[PDB]
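Step one of this worksheet: look at the structure below.
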Amino acid sequence: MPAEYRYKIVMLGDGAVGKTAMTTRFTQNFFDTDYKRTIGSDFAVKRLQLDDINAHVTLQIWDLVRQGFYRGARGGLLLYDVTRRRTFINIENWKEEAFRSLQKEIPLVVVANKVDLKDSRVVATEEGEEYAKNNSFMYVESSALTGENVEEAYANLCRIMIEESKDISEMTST
Amino acid sequence: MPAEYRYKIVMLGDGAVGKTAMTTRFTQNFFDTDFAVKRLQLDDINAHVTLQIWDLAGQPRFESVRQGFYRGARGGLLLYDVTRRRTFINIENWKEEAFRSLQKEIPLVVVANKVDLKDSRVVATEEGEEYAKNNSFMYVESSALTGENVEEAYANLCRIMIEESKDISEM
Ligand SMILES: Nc1nc2c(ncn2[C@@H]2O[C@H](COP(=O)(O)OP(=O)(O)O)[C@@H](O)[C@H]2O)c(=O)[nH]1
Ligand SMILES: Nc1nc2c(ncn2[C@@H]2O[C@H](COP(=O)(O)OP(=O)(O)O)[C@@H](O)[C@H]2O)c(=O)[nH]1
Ligand SMILES: [Mg+2]
Ligand SMILES: [Mg+2]
């Protein structure tokens with residue numbers, strides 16, 4: 001039987017960067033320009049199997065008060081829109097907000113979203129890689145529209161959170 | 001006021017992976033087959049750093065909690081020898097000894113050392129990248145012998161520790 005893990009994660013980033021679209025792509029495996037997100041739902045749920053380690057993860061994916069939004073989160077995706085430089089500048093403010101609300105660091109994966117929009121891209125790959133490296137975060141280029149690397153971003157975060165759970169088990173078992 | 005930081009870091013990994021050689025290349029700019037202090041500047045952010053670089057003498061066995069060695073550490077380099085698979089298998093055990101001893105996670109940079117030994121290499125780049133990614137660690141391929149990426153490994157660790165210091169100040 002697989003090992004079982006459960007985590008709440010948060011989607012972070014400025015408005016219109018694709019937080020809802022990425023969550024819909026991951027949980028419902030489609031994209032719709034006219035998707036209507038409803039106010040009557042704090043989070044989506046995904047159950048994910050990781051073959052490499054025979055582990056099953058149940059995720060609650062929260063997407064925008066602030067205190068309740070962050071409370072209990074064990075990880076997050078930190079998104080920007082590669083076509084809008086202001087959304088990239090603001091990822092640091094989102095990281096700081098999350099860490100201040102939780103009073104601890106949690107793992108974040110930096111997600112450069114909308115990479116399918118090649119002709120209007122303004123934030124270069126190397127800029128995002130550098131920001132992530134400076135914070136020891138992983139970096140993923142994604143498109144909710146095409147699906148490119150969307151599952152990969154969430155799976156990467158899941159593996160990090162599992163390794164942290166294991167670390168904590170060892171610390172409590174000395 | 002100009003930003004000054006001081007960190008204790010640990011060099012981790014099995015015997016003969018190159019912990020001393022990497023530190024000697026970094027602090028003294030040489031390699032010879034026969035704690036340490038470093039001052040460095042991260043000029044991109046105009047940050048001055050003082051490092052105290054600790055490493056274990058000999059080849060000690062793993063301990064549930066290792067007294068003294070880890071106390072006060074804020075980061076480390078986790079080294080293996082790309083020509084010896086056992087040293088790669090053991091990096092997880094060193095990571096856990098540090099975390100058990102500190103009762104917290106600290107940032108580690110995974111360092112695949114001795115990459116100059118191309119014909120004898122047995123641990124592939126992708127294997128190290130995967131291990132690092134699973135823990136949200138950065139990954140560097142280095143050689144104390146040539147000097148390749150030695151400065152970069154320590155500099156990246158310093159920047160991570162600085163960002164964590166700033167996180168703590170914000171929190
Ligand atoms: N081309 C493209 N459009 C996207 C992508 N992700 C989101 N969008 C569009 O960008 C707009 C904002 O997305 P939304 O999910 O509402 O962003 P949120 O405000 O961060 O939740 C919508 O028109 C989406 O259809 C993407 O990867 N590629
Ligand atoms: N070819 C090569 N040899 C190395 C390198 N780093 C260390 N060595 C050699 O490997 C042996 C062990 O290195 P040492 O610094 O004593 O490892 P430690 O036990 O981890 O401190 C010594 O003979 C070093 O000269 C490297 O990058 N390339
Ligand atoms: Mg939305
Ligand atoms: Mg030594």
Side-chain angles (χ1 to χ4, degrees), chain A residues 50-53 55 57 70 74-78 91-110 126-127 129-140 149 152-174, chain B residues 42 44-45 47 62-67 70 74-78 91-110 126-127 129-140 149 152-153 155-171:
Chain A
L50 305 179
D51 300 334
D52 177 82
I53 46 157
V57 185
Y70 290 110
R74 284 276 311 263
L77 298 188
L78 179 57
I91 66 182
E92 173 71 15
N93 294 314
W94 284 102
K95 181 199 81 181
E96 294 171 13
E97 186 182 272
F99 291 180
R100 192 180 319 245
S101 187
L102 296 163
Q103 289 291 289
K104 61 171 182 172
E105 294 164 68
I106 56 169
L108 298 176
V109 176
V110 176
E126 297 69 29
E127 307 190 64
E129 288 174 341
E130 181 187 35
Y131 175 87
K133 175 185 197 191
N134 293 339
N135 287 275
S136 200
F137 297 153
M138 306 302 302
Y139 172 80
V140 176
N149 297 331
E152 182 70 23
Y154 288 98
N156 292 340
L157 180 63
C158 284
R159 184 55 184 277
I160 295 162
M161 293 185 299
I162 288 170
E163 293 308 309
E164 307 202 338
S165 289
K166 292 174 176 178
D167 296 333
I168 295 164
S169 291
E170 292 141 8
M171 291 177 190
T172 65
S173 299
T174 58
Chain B
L42 301 186
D44 18 78
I45 54 168
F62 297 111
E63 305 278 353
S64 48
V65 166
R66 183 180 299 282
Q67 313 181 9
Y70 294 103
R74 282 271 319 262
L77 298 187
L78 183 56
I91 65 176
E92 170 67 21
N93 300 330
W94 287 112
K95 176 200 88 175
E96 294 183 19
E97 186 188 84
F99 293 0
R100 285 192 308 265
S101 300
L102 292 163
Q103 294 283 294
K104 64 182 180 172
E105 300 167 72
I106 53 169
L108 300 176
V109 172
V110 173
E126 322 83 68
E127 298 185 77
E129 291 179 332
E130 172 183 89
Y131 177 82
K133 171 169 74 77
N134 293 340
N135 287 275
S136 198
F137 295 154
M138 306 299 93
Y139 172 81
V140 177
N149 289 335
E152 293 100 297
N156 179 209
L157 178 64
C158 286
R159 180 58 177 277
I160 294 165
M161 292 184 301
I162 288 170
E163 297 300 326
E164 182 164 13
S165 288
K166 294 160 75 168
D167 295 341
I168 292 162
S169 292
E170 293 289 339
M171 294 185 291

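Only heavy atoms go into these numbers, but all of them, side chains included; no hydrogens, no water, no symmetry mates. Chain letters run A, B, ... following the sequence lines, proteins first and then strands; every chain starts at 1.
With values rounded to the nearest 0.5 angstrom, A:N134 atom CG is found 9.5 Å from B:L42 atom CG. The distance from the OG1 atom of A:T174 to the CD atom of B:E63 is 12.5 Å, given to the nearest 0.5 Å. The NZ atom of B:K104 sits 14.5 Å away from atom CD1 of A:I168, with the distance rounded to the nearest 0.5 Å. Note that CG of B:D44 is 7.5 Å distant from CD of A:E130, once rounded to the nearest 0.5 Å. Rounding to the nearest 0.5 Å gives a distance of 4.0 Å between CD of A:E164 and CD of B:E105. Residue A:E170 holds its CD atom at 6.5 Å from CZ of B:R100, rounded to the nearest 0.5 Å.
No donor-acceptor pair closer than 3.5 Å links the side chain of A:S136 to the backbone N or O of B:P107.
Residues B:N156 and A:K133 have side chains that never bring a donor and an acceptor to within less than 3.5 angstrom of each other.
Heavy atoms of B:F99 lying under 4.5 Å from chain A belong to its backbone as well as its side chain. At a 4.5 Å heavy-atom cutoff, the contact between A:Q103 and chain B is made by backbone and side-chain atoms alike. Proximity to chain B (any heavy atom under 4.5 Å) is shown, for A:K166, by neither the backbone nor the side chain.
Interface remark: of the candidates B:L157, B:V109, B:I162, B:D167, B:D167 forms the most heavy-atom pairs closer than 4.5 Å to chain A.
Considering only heavy atoms from C-beta on, B:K95 comes within 4.5 Å of A:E163 through its side chain.
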